[PDB]
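Q:
Residue numbers (the authors' numbering): 192 to 373.
Here it is as structure tokens:
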């Protein structure tokens with residue numbers, strides 16, 4: 192499946208005690224490049240997802256403070272299965288990867304540059320992954336919600352970048368991104 196080089200933000204999210212893994216089926220996915228720290232930011236979507244009986248994976252710039260504390264407590268006390276991971280990479284590269292993840296999961300990228308805020312997120316904006324496995328250092332998503340036209344559009348976009356790039360690093364990352372999308 193599709194791998195992300197980031198693991199769980201807290202080990203308290205673990206569902207598999209023996210393997211120290213988070214293991215979800217049919218998981219809803221929040222995709223954002225915003226930091227989630229204030230409890231007010233996370234409460235609305237948490238309330239909505241709790242009603243749905245679905246697991247939730249949160250991908251954000253970071254999750255910390257009271258917002259993280261609220262997530263761990265709701266998981267530990269059996270309200271819902273939820274896990275947070277950091278968005279991969281940095282800067283424009285992080286943005287590009289989140290766009291990829293949004294496409295693959297059919298999520299709306301709650302992007303800071305477009306003025307989208309986590310506080311007004313609704314379930315409609317969440318993506319879905321068939322299988323989610325979160326380890327301490329990596330995450331693997333299996334998804335079937337992607338529009339194949341969107342995938343082909345994205346690959347065409349990345350194709351031009353790959354043909355044009357002259358660095359080994361970007362050559363490696365772009366060619367592997369096209370693989371993750373394919």
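Here a beta-carbon is modelled for each residue, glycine too, at the ideal position from N, C-alpha and C.
Residue 258 by DSSP, collapsed to three states: which one?
A: Taking the chain shown and counting its residues from 1, the one referred to as residue 258 is at position 67. Helix.
Q: Could you please give the first and the last residue of the uninterrupted beta strand (DSSP E) stretch that includes residue 193?
A: For the purposes of this step, residue 193 is taken as residue 2 along the chain shown, with counting starting at 1. Taken as a continuous stretch (DSSP letters only), the beta strand (DSSP E) holding residue 193 covers 193-195.
Q: Use the C-beta contact count for residue 279: other C-beta atoms within 10 angstroms, 16 or more gives buried, fewer gives exposed.
A: Translated into the one-based positions of the chain shown, residue 279 becomes position 88. Counting Cβ neighbours within 10 Å, residue 279 comes out buried, since at least 16 surround it.
Q: Counting beta carbon pairs with one atom in the segment 266-279 and one in the segment 298-311, are three or more of them shorter than 8 Å?
A: Touching, no, given that fewer than three Cβ pairs across the two stretches are closer than 8 Å.
Q: Could you give the DSSP three-state label for residue 340: helix, strand or coil?
A: The residue given as residue 340 occupies position 149 in the chain shown. Here residue 340 sits in helix by DSSP.
Q: With distances taken from CA atoms, which of 212, 195, 192 is nearest residue 327?
A: What you label residue 327 is simply residue 136 of the chain shown in a count that begins at 1. Checked all of 212, 195, 192; the closest Cα to residue 327 is 212.
Q: Report the residue from 247, 241, 363 whose alpha carbon sits nearest the alpha carbon of residue 270.
A: Translated into positions along the chain shown, residue 270 becomes position 79. It is 241 whose Cα lies nearest to the Cα of residue 270.
Q: To the nearest angstrom, how far is it from the Cα of residue 358 to the Cα of residue 351?
A: For the purposes of this step, residue 358 is identified with residue 167 of the chain shown, where counting begins at 1. For the purposes of this step, residue 351 is identified with residue 160 of the chain shown, where counting begins at 1. Each residue's alpha carbon lies about 14 Å from the other.
Q: Could you spell out the range, first to last residue, of the alpha helix (DSSP H) harbouring residue 238?
A: Position 47 of the chain shown, counted from the first residue, corresponds to residue 238. Element bounds for residue 238: 230-241.
Q: Could you spell out the range, first to last residue, of the beta strand (DSSP E) harbouring residue 275?
A: In the chain shown, counting from the first residue as 1, residue 275 sits at position 84. Run containing residue 275: 273-277, per the beta strand (DSSP E) assignment.
Q: Leaving out five residues before and five after residue 362 in sequence, what residues of the same chain have Cβ atoms less than 6 Å from its Cβ?
A: The residue labelled residue 362 in the question sits at position 171 within the chain shown. Answer for residue 362: 356, listed in chain order.
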